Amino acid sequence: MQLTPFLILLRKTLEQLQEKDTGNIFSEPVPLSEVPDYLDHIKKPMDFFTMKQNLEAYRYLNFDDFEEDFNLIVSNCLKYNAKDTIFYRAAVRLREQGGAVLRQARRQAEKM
């Protein structure tokens, strides 16, 4: 646990993104057992737990790779689900609120 300012920032940012997911519907992988066709359409599933595991294994080297995985959580959800669903509407809201979190966090990352 030799921390860096960058990794601390990513940890804080991930917590701020998860706070926007008040129903915790993006906290864990979409359960493939409950949805057997998910991988037929979604090439790379993503969720906040997987992102936390990547972070704790020190696999995010820059802000772009971190943001790319967040964007997968949203875009996977919009792709798989019909527009008139709780999941789709939640992904739209997360894109909006999470985008603001990422804008502020990238500004802090830029001055590192």
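For every residue, the number given is its place in the sequence shown, counted from 1. Heads up, when I say rigid core I mean the largest set of C-alphas that superpose within 1.5 Å between the two forms.
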Q. Hey, after superposing on the core, which one moves around more in 8 other deposited structures of this protein, 78-86 or 56-64, CA-wise?
A. 56-64
Q. Which of the two stretches, 26-34 or 80-88, shows the higher mean Cα temperature factor in the record?
A. 26-34
**Q.** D40 CA temperature factor, ranked by third within the chain
**A.** highest
Q) Can you tell me which third, lowest, middle or highest, the CA B-factor of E68 falls into for its chain? A) middle
